[PDB]
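Visitor:
2 protein chains.
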Amino acid sequence: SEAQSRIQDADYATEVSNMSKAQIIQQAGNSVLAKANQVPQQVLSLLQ
Amino acid sequence: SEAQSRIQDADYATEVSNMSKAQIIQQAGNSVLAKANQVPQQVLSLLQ
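Just so you know, the protein sequences line up as chains A and B, in that order.
For the first sequence, position 1 (counting from the first letter as 1) is numbered -10 according to our numbering, and the numbering increases by one without interruption.
For the second sequence, position 20 (counting from the first letter as 1) is numbered 9 according to our numbering, and the numbering increases by one without interruption.
1. Just checking my contact of residue 2 of chain A with residue 33 of chain B at CB under 8 Å: how many whole Å lie between their CB atoms?
2. From residue -1 of chain B to residue -8 of chain B, what distance separates their C-alpha atoms?
3. Between which two residues does the alpha helix (DSSP H) harbouring residue 15 of chain B extend?
4. Indicate the three-state DSSP secondary structure (helix, strand or coil) for residue 30 of chain B in the structure shown.
5. DSSP on residue -6 of chain B, reduced to helix/strand/coil?
Now the structure itself:
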């Protein structure tokens, strides 16, 4: 059982760090996606 | 009869020490079992 533990065990200690990293990267990606989205807006100013 | 008593007699004097020792070891084992049980509690502290 001790040997089986090592092979298949989540080790939440490292998993929580990955979770927080992924959440931060998701929020950053959404924000930078928004910033890229306002980029097309400036073209309308050139029309007039 | 003396020879048989030599062969088959518990010799309570040494048996009482063994039984007291066994009780002490059992209580120590139960306490250390509880201490081991309390170990995985910090996983919540990690999670939140």
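We treat Cβ as the ideally placed atom computed from N, Cα and C, and that holds for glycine.
Guide: Checking against the coordinates, here is how it stands:
1. Rounded, the Cβ-Cβ distance is 12 Å, inconsistent with contact.
2. Whole-angstrom Cα-Cα distance: 14 Å.
3. Annotation for residue 15 of chain B: the continuous alpha helix (DSSP H) segment containing it runs 1 to 26.
4. helix
5. helix
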